[PDB]
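There is one chain below, alone, in structure tokens, taken in the form deposited in one PDB entry.
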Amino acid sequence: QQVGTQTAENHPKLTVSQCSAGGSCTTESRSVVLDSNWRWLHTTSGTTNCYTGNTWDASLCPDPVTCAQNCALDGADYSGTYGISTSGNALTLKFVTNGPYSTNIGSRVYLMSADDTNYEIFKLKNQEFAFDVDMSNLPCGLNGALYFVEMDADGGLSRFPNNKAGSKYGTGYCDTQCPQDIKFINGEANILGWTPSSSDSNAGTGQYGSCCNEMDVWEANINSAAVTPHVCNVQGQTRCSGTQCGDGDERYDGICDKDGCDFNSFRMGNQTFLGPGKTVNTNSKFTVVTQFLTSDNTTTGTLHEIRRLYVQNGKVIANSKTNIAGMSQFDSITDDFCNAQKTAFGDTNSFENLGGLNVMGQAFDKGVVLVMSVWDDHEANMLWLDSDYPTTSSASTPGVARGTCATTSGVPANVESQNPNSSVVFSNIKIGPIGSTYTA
């Protein structure tokens, strides 16, 4: 894709903290950028759209390359059109925004580096990452997600000749779902076999997907939360086609682990731990701390364990323990946990098949980009996060119940119609050595 200049691109500012042993942190000036899929895409010479609704203009986009050369991504009206605003260390993502020219549902942003051009690259091995979240305004069916993916720092500017926009315009997304709804992959418009979504009037899928390792630090709404590493057998952002993408029936045949090795306290058998008025009380803001422990306690050692702590009202709260009959008891993510939980639940262990925490840690070695988003789910209505899933399974079967929401909840049109003003606030991001990002 090309660069459009009708609208200047000014990334909303966001401060983050870099912390040291003892807990003193320095403030770093960073910013966020809107993902390219949300942007106005118009001809380089004018204002004619290359894509409208969920339909590409066939005469501007006769083929993937011509389309990438003819079509330009333009600057974004972050707050008034996309519902994205920041206030110091706080990022607010609104669910539904009505701009003067377009309505936008959900958003996805990446953290920029100090240069405000390339993404910030995080090296998470043997580090602790903390943030605060207020998801009191995120009901059933919503997901406010904070996570890392193995994107290129420049979003593909240097790898792909026909990507002339790059990370400044939020290009280069990938994750372990190998999404095929991404409009530009590898600097080419993803127009081959383009099929509009029937339920999402702004979306479609093309022949290719964009795949990479993904650490889901946080996927949650007021009801339930999950922390989930996912790995692939490829390194970095990789375009997939056919079986590689692991779409539909080929879910477990692809290059990436779609299910991941998840820890949702509710799913793991503690229904009183996280939620409205619970131990972690999601009616109010709290701190989420995530530790990426290596086997030798160095930044070069093998990733061995992902641990979780919460902090609310100044009190540290230990992670819940698993409570699945017949399964050994864990309170964190280890490869042993993943093996035990996949066995207990009868789920295919692609996480381990594709190299487990070792491979996750190798993605961390190379570096990953911070993503924050708010979304509803056209495929599964977020039931995998907050309800009984599959809905066709007995809710007494271990692993099926993930939260208290109704199996009829989370239909996008219903959630948009009923809770349009939903929002999530992510704030006070900190990274440092273990123990450095919060006060015990």
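In this text, the rigid core denotes the largest set of C-alpha atoms whose superposition between the two forms falls within 1.5 Å. Heads up: residue numbers just count along the shown sequence, starting at 1.
Asks: Would 160-168 or 248-256 have the larger average of its C-alpha temperature factors, as given in the entry?
Replies: Here the higher of the two C-alpha B-factor means belongs to 248-256.
Asks: Mean CA B-factor: is it higher for 54-62 or for 29-37?
Replies: The stretch with the larger average C-alpha B-factor is 54-62.
Asks: Out of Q271, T334, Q237, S197, which one has a C-alpha B factor higher than all the others in the entry?
Replies: Highest CA B-factor of the listed options: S197.
Asks: Which of these, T404, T47, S409, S373, has its C-alpha atom at the highest B-factor, as the entry lists it?
Replies: Result of the comparison over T404, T47, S409, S373: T47.
Asks: In terms of the CA temperature factor given in the entry, to which third of its chain does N202 belong: lowest, middle or highest?
Replies: Ranked within chain, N202 CA B lands in the highest tercile.
Asks: Give the position of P12 by CA B-factor within its chain, expressed as the lowest, middle or highest third.
Replies: It falls in the bottom third of the chain.
Asks: By its CA B factor, does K278 count among the lowest, middle or highest third of the modelled residues in the chain?
Replies: For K278, the deposited C-alpha B-factor lands in the middle third.
Asks: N414: which third of its chain by C-alpha temperature factor?
Replies: For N414, the deposited C-alpha B-factor lands in the lowest third.
Asks: Determine, from the deposited record, the chain-internal third of the Cα B-factor for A21: lowest, middle or highest.
Replies: Answer is highest: the recorded C-alpha B-factor places it there.
The same protein has a further form, the form deposited in another entry, not shown here; the description that follows concerns it.
Asks: Select from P100, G314, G346, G277 the only position whose Cα moves 2 Å or more between the shown form and the other one when the core is aligned.
Replies: Going through each option, the one that shifts is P100.
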